[PDB]
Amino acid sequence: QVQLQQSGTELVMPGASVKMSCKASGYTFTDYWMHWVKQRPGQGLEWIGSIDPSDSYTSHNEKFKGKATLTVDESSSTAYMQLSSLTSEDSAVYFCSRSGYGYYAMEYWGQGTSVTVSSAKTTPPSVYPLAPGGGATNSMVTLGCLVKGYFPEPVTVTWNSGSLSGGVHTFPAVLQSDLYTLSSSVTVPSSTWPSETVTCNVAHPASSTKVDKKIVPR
């Protein structure tokens, strides 16, 4: 079975370069063209450039010519793309893919390398409890946790060590300053809060951070 193996993430400083790998297996490497495709968060696919591993002949989207350098290492059956002078515009997922034999549908795809361009250092999140305080019926209370100013992604958010699950919305992180912020809501019967404890648990593996924040009225 053909596999295309790409590194999951790269964190890179603005102005720096990154060289991302796509390691192929399960077929004759030199028999098929390899392709690179960009996808900005929430946006569509953009072709960057393609390479023939037999002789390293390349073709580029004109916009990437001078920006993306495509090479292969035949010995390790590996295709590489080097991106230089990175900016926030380069923050994206980069896929490699492989076409057919003399046919150019992209038959196999790597899982993509997620590139984040930032000069931020590793920063644990500040975790703030979001409590109503007031008159709010439904028999349903909504509580929340604000997870502010961390880097890099990801954080993991649970409620009551995962024992809460049915009414939780954890939103995708957003860029705030040079750092990430996310929020999570949990909707629960008014019996159970504040009668019993509702706690949000926030793990930030990169900073070896693990914080429990009990939601307290007022």
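The numbering used is simple: start at 1 and walk along the sequence shown.
- Higher mean CA temperature factor between 170-178 and 42-50: 170-178, per the PDB entry.
- As listed in the deposited structure, the average C-alpha B-factor of 51-59 and of 179-187 is greater for 179-187.
- Taking only the listed residues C145, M106, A92, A79, the entry reports the highest CA temperature factor at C145.
- Per the PDB record, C200 has a higher Cα B-factor than any other of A24, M20, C200, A16.
- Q111: CA B factor lies in the middle third for its chain, per the PDB record.
- Ranked against the other modelled residues of its chain, the C-alpha B-factor of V72 as given in the entry falls in the lowest third.
- When all modelled residues of the chain are sorted by CA temperature factor, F151 is found within the middle third.
- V2: CA B factor in the middle third of modelled residues in this chain (values from the PDB entry).
- The PDB entry assigns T87 a C-alpha temperature factor belonging to the lowest third of its chain's modelled residues.
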